[PDB]
Amino acid sequence: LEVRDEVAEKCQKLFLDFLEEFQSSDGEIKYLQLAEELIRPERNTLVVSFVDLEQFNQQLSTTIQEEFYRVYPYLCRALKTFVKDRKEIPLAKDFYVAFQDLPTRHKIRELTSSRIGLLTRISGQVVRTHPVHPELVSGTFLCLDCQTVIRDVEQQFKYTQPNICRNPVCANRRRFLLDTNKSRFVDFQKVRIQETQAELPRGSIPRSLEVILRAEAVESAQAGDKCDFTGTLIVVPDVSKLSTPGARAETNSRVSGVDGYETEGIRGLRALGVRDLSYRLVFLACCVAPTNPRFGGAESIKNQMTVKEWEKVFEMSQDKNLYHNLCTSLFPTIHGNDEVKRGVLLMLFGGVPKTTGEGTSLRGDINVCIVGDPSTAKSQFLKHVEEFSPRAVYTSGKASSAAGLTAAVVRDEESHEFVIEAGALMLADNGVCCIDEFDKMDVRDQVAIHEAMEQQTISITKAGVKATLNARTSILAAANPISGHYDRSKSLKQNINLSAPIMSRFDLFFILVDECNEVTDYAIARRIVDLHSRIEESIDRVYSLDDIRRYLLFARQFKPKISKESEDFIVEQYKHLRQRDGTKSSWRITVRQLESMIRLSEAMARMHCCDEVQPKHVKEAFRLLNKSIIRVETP
Amino acid sequence: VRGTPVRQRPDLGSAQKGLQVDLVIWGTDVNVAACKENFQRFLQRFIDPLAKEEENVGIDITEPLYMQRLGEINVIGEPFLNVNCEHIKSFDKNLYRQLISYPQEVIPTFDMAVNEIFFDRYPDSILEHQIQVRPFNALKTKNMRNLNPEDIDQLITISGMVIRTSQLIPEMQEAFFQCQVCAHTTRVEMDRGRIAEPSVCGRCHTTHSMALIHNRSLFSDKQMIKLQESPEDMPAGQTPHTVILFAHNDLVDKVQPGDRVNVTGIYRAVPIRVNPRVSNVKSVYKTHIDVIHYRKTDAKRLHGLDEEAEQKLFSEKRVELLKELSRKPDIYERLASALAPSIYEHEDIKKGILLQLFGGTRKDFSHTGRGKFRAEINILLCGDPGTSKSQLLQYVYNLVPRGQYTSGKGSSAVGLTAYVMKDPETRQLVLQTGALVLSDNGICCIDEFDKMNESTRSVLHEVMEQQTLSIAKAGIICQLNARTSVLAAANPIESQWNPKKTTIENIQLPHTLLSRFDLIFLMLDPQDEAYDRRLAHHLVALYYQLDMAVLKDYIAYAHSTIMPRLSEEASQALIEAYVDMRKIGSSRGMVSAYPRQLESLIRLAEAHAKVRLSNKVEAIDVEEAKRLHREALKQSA
Amino acid sequence: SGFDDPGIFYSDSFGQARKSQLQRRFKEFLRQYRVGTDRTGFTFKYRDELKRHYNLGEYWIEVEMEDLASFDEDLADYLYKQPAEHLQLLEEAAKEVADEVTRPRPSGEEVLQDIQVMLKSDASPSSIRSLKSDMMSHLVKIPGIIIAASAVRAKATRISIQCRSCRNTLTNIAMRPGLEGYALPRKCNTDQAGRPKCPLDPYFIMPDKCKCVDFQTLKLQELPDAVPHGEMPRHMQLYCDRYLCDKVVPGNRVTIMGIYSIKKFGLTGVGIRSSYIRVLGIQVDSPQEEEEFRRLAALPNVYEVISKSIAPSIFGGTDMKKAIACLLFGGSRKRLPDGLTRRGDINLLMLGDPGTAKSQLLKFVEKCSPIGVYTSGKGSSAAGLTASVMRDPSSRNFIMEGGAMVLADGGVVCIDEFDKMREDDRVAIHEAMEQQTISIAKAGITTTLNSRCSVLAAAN
Amino acid sequence: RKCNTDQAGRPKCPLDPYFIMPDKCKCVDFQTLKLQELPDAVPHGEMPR
DNA sequence: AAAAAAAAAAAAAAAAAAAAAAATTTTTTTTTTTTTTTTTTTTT
Ligand SMILES: Nc1ncnc2c1ncn2[C@@H]1O[C@H](COP(=O)(O)OP(=O)(O)O)[C@@H](O)[C@H]1O
Ligand SMILES: Nc1ncnc2c1ncn2[C@@H]1O[C@H](COP(=O)(O)OP(=O)(O)O)[C@@H](O)[C@H]1O
Ligand SMILES: [Mg+2]
Ligand SMILES: [Mg+2]
Ligand SMILES: [Zn+2]
Ligand SMILES: [Zn+2]
Ligand SMILES: [Zn+2]
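Residues numbered from 1 in each chain as written, not as in the entry; some residues may be left out. Chains lettered and ligands numbered in written order. Part of a larger assembly, values for the part shown. Heavy atoms only, no water.

The deposited coordinates, according to the entry record, derive from cryo-EM at 3.2 Å resolution.

Quick look at the structure:
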């Protein structure tokens, strides 16, 4: 006689009151105003703030946090009442409730079994994301021994058939045909995340667990992000996970076996309905946010800007000496190496990719190489770029086999499709890849990144799946000279051992010679020792890391023109550069250096967020290249 | 009993019927009442006669030992009582035989007894569940391969090295069933490893209407710990041997890979299904251990990071003894001589190894932008195959916690970093870590470092430079931690330091790698006659044959308490030291200085400060750093 | 190594009472029912009964429901409410106690047979009209008159079946007792690896290896006095089993105790199942005596006391009493080595006026003789005066209808109205009264039936 | 599927009683070729059928 | 002559083809036993 879950229904009542009576500081019912928007299609969840829950009613908040799994469909039906009473939605549509701003936090090591079935939030790095699918939630079946339809059987993260046919005189437990049209599904994406690098124990592999994303919180996560998740920890049934027998269910009916049909062996197990109970933790993400959000939300991003950050980046753009200021903020630790500071900053801003009418994809990224004597802050610059920017992947030399370097393949464990696992270039897409010990990359993969640099794209066809993955990343390379030490009496192409096309593709080359000059030596010693003595202070990044990072994200979408005067200056200055080439530089000048100079001029216009590249930018870009290219010093 | 429920005990296993036979439990002579009263008697009467105040910390020795433990339990609120099987053996033998031979029932009798005593005392405290005894320090099973099947389901203690720990495995405990007709609910506790499903509703009486609801049933934890036995009695020509451990509930994740542990647990033999799906099982039984107690304490090794982090580890008298040792004048040399007594008069080398054991100051850098900064010391020992560099590496590998050892090209980059393997126990492509990752927060002792081919030597640059490590392959795309300290032992070209060759060519290693290192000791042969005679007498005495404890305590206290910060005098001394080092480095025949060598001087100054328990790095520290970094590399000569 | 399959083994049990404990309490009832008073000296009635019967080769006992209730009230209630399985427990208890009492039996009877525990009550019966549906599968007690008793056919209690391909056997299945069928299994369970399986319906009933027991399908009828005025008599089948076969015969007036039941032959007047009573108990409506009769021989006036006591109510005719006592004792038969038969019966005739107590005296003699039949000269109502052989149409068996002269063999026939009897009867008795053998030679067969009666004839 | 005698005995033949007689089968040669499209016949961008 | 790079070999893991493995009572027919009816042959 339809026994009622008293606490869950009281939670439905109190939460319906919360929805229809909690009002913002302005005084209006904020969640009424939010429920207004679920009338639209492609929208079936409200996003209720857990802090609002706490403020309105602490008792209900603790009850939900301690009984989240049992109350969840009840809260969903409370929302269904709250929206159907006002607006005239389709009756069949389902709804969901998404929590965020939860006070407590936990770790993937803390997600122990006691946290099963109750709300919890974690942080993670989204490894990979399987495709969207429709998942069956409530099935309608037909019993193939009396053709009676069994209605609305729940799926507990497994294809569940009705436990017995609803007709009393028919004990069908086997032959059921799913009536697909009558059943209702939920949109569903499975994603894999792993422990953040901060939370690793000693000698520990990063654990990884699978997180299920039900409707409307489905494509929000993406591979490579740093996302906080909030939701239940559930258990999804597993089978044949172990070769040792474990916990097994079976009916408690005391039946025996008659002679010739004795309930032994396979017949016996099928008769009793024996089944192993092997489970696995599978987080059930109710909501997903970036763990380090960029904003509290060019014209669209500008609208997303809050007023304070908007005026901040505005006065940033209006600032003069922003050039050296950005240098200092990016590299407070570094002393000297101003050319590397400038080149790497321009690399972060990037150029403007373009494409011809015929279809030739003109490069827009600008790859930089640092080559020098040992212990000259090369790996340090790459680490600075890594730790600074998002979409800043890092790898070093022979630590990355090609498959993980660019792309790999796996089959969808659920469906027939294949998931194209994202390699370093992909995770660095539309960003930076910092490659260290670039000279010590095998030919088999240095050619791969060369293909990426030529085409901004790699097409993988392997193990039964073909695809054309885009990778518009920019490469910052570190290259040790041959012999360990650079030799200024030799050309660059014989100091290092890169392939000639790779060296051609590389946009900027910086030479860092470890000469022994004692004023500089005093400077460096004072600098680093000052840092170690005064770790926390002794940094004067005039703009905070978040400030300049937001400035980069906002500046990126401005695409400079090239005015006619600047074009005249460009051509005449490249002519002067060729006159220099015509003594000799350690790496000769070609039309690729013209391409490099125009791309750097574009990137300086990008730094100042202009819509026109001016002779100021052109002059500075030429100066950068001219000082980068050095005269080989024969005695 | 104060309305405090007795908790499930997955470690003991599926409960048996508990049948009683009149002559005890069937086939096992325990006499549950006799066991309970004997255990109460032990728990009050036992005063450890020969014990030490160093061992028992914060415990009034003459007062009842385990009752003071119960008092610690009451004040703290952790319902675990770590009982010692050697204490039990000393007090009475038959009780110990009961515990060793029939743990599966003897444990809940002990828990009943301890709860009886606990609420005989303290009838007002609050506990999250009843008290759980945990025996340990059984008779050490020397070689687990010698475990006959006559020792099945007994209690054993083994010592090993944790190589792997699985993800959390749930374990059903209260199958929560719900009718699909009337929604009536019920709960079935795990009967004997099985869930007797109700098969008929108790309110509408429909048959087979009750469906198991998974994530409304309460669960427990379970983690598969893959350990390799490190016995103290290895027979002839027997390879080493992994073993499987299962740790339940609060014991999960309390041991990380690379941790050498003494695990005390009940032995188990289990069938194995022939296929994954069929129910036939091979007559041969695989075995494993269910784990009651982790013990990360050993006399021959330094205090692990957990014991560093814990506070109540040293008595007041012991910390004061450490303070006056710091006040001793020549403590640096005292500890240096204390290290490795069986090696003769390598005072500079042992001072360097001591500085390595101390480490430096792990400095936070997160908002600086600099990235992680290596706070550890890397040492190279260069010499022909007559010196005792291999002996030093062997000794340090034995003495350290989280030690790993490698020799020559008996390795590879893949097997040093990580690989993907089908675990035989779960049939899953799990990830496994190599030596560099295993010795994460300890020491990696590399031997025959010259014969290390380019692929498997190029990975050491990552470790020595960043303290991180990258494995970007088809297996996983991640970034592990490897904060190890490298203790390398290299040989010159043609296995002899001939005089007519400068140092860098005689060593013949990459110059960038020698820059990575932080001390480089060249064990040339001193031809001195008196040294020759003293060495000879020392070795013959080594045949005709400070304390490790005080050494451990001092080092662990220095790690726990004092993190040195630079003093302005030391900063000026360092700047002067580095410019002087570069000035002598004009002649590049020797190993030229670098800003990396400045950082090495920083770290060695911090290590000397920690030797003094300075808390402030000073000119004395910096000068010793310079002198050591010069005598090492022999830049005078 | 995989060439064998040794059997399972198990052990004795070390450690609403369960059916095993009810088995134990039935065992206690039999083993400890003490009937003899301490004044009278004690005896274990059922232990002695099991011992004696099992030694004789009887394999049954008679347990009174009153004794069961006295020793254990709950057992009596259990058998009244759910007789079947509790009767099974009781039979198992009888088997075990039998084994205990005659444990060191000599060789030649090593196997222990089952025991049939018949039960008899003293509670007054219900009525066949009162056997409504609610009293079904409970033990009921009923009176009646049997009218038709079929032949004892062999029904199987335990069987064995062989597989036609693999030739392995399912020895000693148990057949559920009653008129309960048994569907054969449809799968050979004996699985041999790497070989095709035995066919779909592999099993054939090995007839050599079964355990079979008799059974008789009787017809009971409502007692004619018990029938109401306007009503046809009710009937009920009965299924007599293993020692209730031949314990009764048609015409006998009996009281039964049994399980009102249904015929269970598959799931093949909707919902009706033809019903019967699996009968458990039947009743049919010394040295001291020998010493009394030896004294009666020793008396002086034995002749006189018998003569007076055979006609205490019949005035006069003391000589008539004398001769009728001589009759009731009869003479003695002799069979000389010639091979002939000399009649021993004494034949008396009373040719009397219609006033005297001829018919009353005959009624006395038929009551007072052991085997007495009072018939007219023209037989009695639907009962001939002399035997008649008939050849059946269908089975062509010899159905002998028995008259007075053959029904009352070794006794007295009181032939009232000897002066009127059919000529065929007269010709029969002509030699049935001096040869005592009635010869009938029909187209089927010759027979010489034995009519060894004595004729007390009365006529006007 | 079923033996067709009507004379197997008083009982009948089982279900699926027939086993192929291998020796009494008269057989032939066969070969599964993998024919691929003519290389000059294949159009430009496609793959060989 | 020894180091670095490339090619081949060995061994583990995965995807599809095709031969094996498993499940599997109920309804209709019809012979035989029994009774019943009309007739002829025989007896009173
Ligand atoms: N100009 C400089 N400014 C600041 N630090 C420097 C400078 N030159 C060298 N260093 C120091 O040298 C260390 C190592 O430099 P790194 O670039 O890792 O060497 P490599 O280029 O061989 O990897 C850095 O941690 C940094 O502190
Ligand atoms: N001599 C007698 N003594 C006692 N009762 C007699 C006698 N003669 C006749 N009767 C009575 O007369 C009735 C008829 O008796 P019955 O023997 O049938 O006479 P009969 O033998 O002449 O037919 C009986 O009830 C009986 O009591
Ligand atoms: Mg580097
Ligand atoms: Mg008369
Ligand atoms: Zn059905
Ligand atoms: Zn129900
Ligand atoms: Zn068979």
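We now examine the overall build of chain D. Scanning chain D from terminus to terminus reveals 0 helices and 0 strands. With the principal axes as the frame, chain D shows a C-alpha extent of 75 × 25 × 10 Å. Relative to its 49 residues, chain D shows a buried fraction of 2%. When the accessible surface of chain D is summed, it comes to about 5,500 Å², and 58% of that surface belongs to carbon and sulfur atoms. Side chains of chain D carry 8 positive and 7 negative charges; the gap between the two charge centres is 17 Å. (Helix = DSSP H or I, 4+ residues; strand = E, 2+ residues; numbered from the N terminus. Buried < 20%, exposed > 50% of the residue type's maximum accessible area, 1.4 Å probe, protein only. Areas by Shrake-Rupley, 256 points an atom, 1.4 Å probe, with all protein chains shown as cover. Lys, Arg positive; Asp, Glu negative; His and termini not counted. Charge placed at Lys NZ, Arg CZ, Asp CG, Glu CD.)

Our focus in this paragraph is unusual backbone geometry. The residue B:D253 is not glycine, and still its phi comes out positive at about 65°. Position of B:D253 among the secondary structure elements: in the loop between strand 11 (242-248) and strand 12 (260-270). Taking the relative accessible area as the measure of exposure, B:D253 reaches 14% and is therefore buried. One non-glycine residue with positive phi stands out, namely C:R242, at about 70°.

It is worth spelling out the protein's contact with DNA strand E at this point. Inspection of the region around DNA strand E gives 13 residues, with A:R270, A:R411, B:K422, C:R186 and C:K187 positioned closest. Restricting attention to atoms of DNA strand E within 4 Å of the protein, one finds that 72% of them are sugar or phosphate atoms. Separating a sugar or linking oxygen of DNA strand E from a side-chain N or O atom of C:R186 is a distance of 3.2 Å. In the model, a phosphate oxygen of DNA strand E is placed 2.5 Å from a nitrogen or oxygen of the C:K187 side chain. (Near = heavy atom within 4 Å. Polar contact = N/O pair within 3.5 Å; in protein donor to acceptor, adjacent residues only side chain to side chain.)

Before going further, it helps to examine the coordination of the zinc ion (ligand 6). Residue and element names in this part refer to chain B. Protein ligation of the zinc ion (ligand 6) involves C179 (SG), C182 (SG), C201 (SG) and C204 (SG), the donor distances falling in the range 2.3 Å. For the zinc ion (ligand 6), the 4 donor atoms in the first shell make angles of 97 to 114° at the metal, so the coordination geometry reads as tetrahedral. Spacing between the donor residues of the zinc ion (ligand 6) along the chain follows C-x2-C-x18-C-x2-C. What makes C182 buried here is its relative accessible area of 2%. (Donors = N, O, S within 2.8 Å, 3.2 Å for Na, K, Ca; no water. Tetrahedral: all angles 85-135°; square planar, octahedral: opposite > 155°, others 65-115°.)

The subject of this paragraph is the site of ligand 1. Taken together, 16 residues are adjacent to ligand 1, and A:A377, A:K378, A:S379, B:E465 and B:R596 come closest. Close to ligand 1, residues of chains A and B are found. Between ligand 1 and the protein, one listed contact pairs a nitrogen atom with a side-chain N or O atom of A:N337 at 3.4 Å. Contacts to ligand 1 include A:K378, whose backbone N or O atom sits 2.7 Å from an oxygen atom. For the shell around ligand 1, the secondary-structure elements that each account for two or more residues are helix 11 (378-388) and helix 17 (518-533) of chain A together with helix 20 (595-612) of chain B.

A few words on the nonpolar core. All names here are of chain B. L380, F449, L460 and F517 are the most contacted members of the largest nonpolar core, which has 101 residues in total. Sort the elements by how many residues they give to this core and helix 20 lands first, with 8 residues. When neighbours within four sequence positions are excluded, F517 is seen to be in contact with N378, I379, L380, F449, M464, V486, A488 and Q597. (Core = buried A, V, L, I, M, F, W, Y, C linked by side-chain atoms within 4.5 Å. Contact = heavy atoms within 4.5 Å.)

The next subject is the packing of helix 9 (residues 347-358) of chain B against helix 20 of chain B. Residues and elements named next belong to chain B. Where helix 9 meets helix 20, the closest approach of the two axes is 9 Å, and the angle between their N-to-C directions is 85°. Accordingly, the angle class assigned to the pair helix 9 and helix 20 is roughly perpendicular. Between helix 9 and helix 20, the contacting residues are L354, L355 and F358 on the first element and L604, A607, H608, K610 and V611 on the second. Here the contact of helix 9 with helix 20 is composed, by residue class, of 6 nonpolar, 1 polar and 1 charged. (Axes fitted to C-alpha atoms, helices over the stretch in contact; angles between N-to-C directions. Parallel < 35°, antiparallel > 145°, perpendicular 65-115°, else oblique. Nonpolar A, V, L, I, M, F, W, Y, C, P; charged D, E, K, R; others polar.)

Right, let's get into the sheet that holds strand 18 (residues 443-447) of chain B. Residues and elements named next belong to chain B. Across the sheet, 5 strands lie side by side as 15-18-21-14-22; this open sheet has parallel pairing. Only two strands of the sheet have a single neighbouring strand rather than two, namely strand 15 (403-407) and strand 22 (519-522). If you compare each strand with its neighbour and ignore which way they point, the axes differ by 15° on average. Where strand 14 (residues 379-382) and strand 21 (residues 485-490) come together, 4 bridges link them in parallel fashion. By the bridge assignment for strand 21, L381 is matched with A489. (Pairing = 2+ DSSP bridges.)

Turning to the site of ligand 2, a few remarks are in order. Residue and element names in this part refer to chain C. Taken together, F315, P354, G355, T356, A357, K358, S359 and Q360 make up all the residues around ligand 2. Within the backbone of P354, an N or O atom sits 3.0 Å from an oxygen atom of ligand 2. A distance of 3.1 Å separates a nitrogen atom of ligand 2 from a polar atom in the backbone of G355. In isolation ligand 2 has 560 Å² of accessible area, and contact with the protein removes 55% of it. Of the residues that constitute the shell around ligand 2, the class distribution is 3 nonpolar, 4 polar and 1 charged.

Attention shifts here to the packing of aromatic side chains. Per the stated rule, a full pass over the model turns up 44 aromatic pairs over all chains. Arranged with centres 5.7 Å apart and planes meeting at 85°, the rings of A:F50 and A:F99 form a pair that is edge-to-face. Taken together, the residues A:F50 in helix 3 (residues 50-56) and A:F99 in strand 2 (residues 96-100) connect sequence positions 49 residues apart. Taken individually, A:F50 and A:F99 each receive the classification buried, so the pair is uniform in this respect. With a centroid separation of 3.9 Å and an interplanar angle of 10°, the aromatic rings of B:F39 and B:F110 are classed as stacked. A residue pair is termed long-range when its members are at least 10 positions apart, and B:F39 in helix 1 (residues 32-45) and B:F110 in helix 5 (residues 103-120) qualify at 71 residues. In this structure an aromatic cluster arises from ring pairing among B:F39, B:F42, B:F46, B:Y66, B:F91 and B:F110. (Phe/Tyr/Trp six-rings, centres within 6.5 Å; stacked < 30°, edge-to-face > 60°.)

Further remarks concern helix 21 (residues 615-628) of chain A. An α-helical turn contains 3.6 residues, so any two residues separated by three or four positions project in the same direction. Residues and elements named next belong to chain A. For helix 21, which comprises 14 residues, the first-to-last C-alpha distance of 19 Å matches the rise-based estimate of 20 Å (1.5 Å per residue) to within 8%. Burial within helix 21 is extensive, with 10 of its 14 residues counted as buried. Along helix 21, the residues classified as buried are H617, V618, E620, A621, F622, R623, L624, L625, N626 and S628. Elements in contact with the buried residues of helix 21: helix 9 (322-330), helix 10 (338-349), strand 23 (508-512), helix 19 (564-581), helix 20 (591-607) and strand 25 (612-613). (Expected span 1.5 Å × (residues − 1).)

Attention shifts here to the state of the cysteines. Residue and element names in this part refer to chain D. Counted under the stated rule, the structure contains 0 disulfides over all chains. Here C25 stays free of any disulfide, with the sulfur of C27 as its closest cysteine sulfur at 8.1 Å. The exposure class assigned to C25 is partly exposed, which follows from its relative accessible area of 42%. (Disulfide = S-S within 2.5 Å.)

Time to look at a negative patch on the surface. A cluster of acidic residues, B:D525, B:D528, B:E529 and B:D532, forms a negative patch at the surface. Residue placement: B:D532 occurs in helix 17 (residues 529-544). (Patch = residues over 30% accessible without salt bridge, like charges linked within 9 Å, V, L, I, M, F, W, Y side chains within 5 Å. Salt bridge = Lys/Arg side-chain N within 4 Å of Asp/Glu carboxyl O.)

For the rest of this paragraph, the subject is the environment of C:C212. All names here are of chain C. Within the fold, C212 resides in strand 8 (residues 211-221). What makes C212 partly exposed here is its relative accessible area of 46%. Distance in space between the C-alpha atoms of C212 and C188 is 24 Å, their sequence separation being 24 residues. Look past the residues within four positions of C212 in its chain and what remains in contact with it is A154, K155, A156 and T157.

All right, on to the arrangement of the chains then. Across the 4 pairs of chains in contact, the largest number of contacts is found between chains A and B. There is no contact between chain A and chain D; across them, the least C-alpha separation is 14 Å. Chain D makes no contact with chain B, the minimum C-alpha separation between the two being 28 Å.

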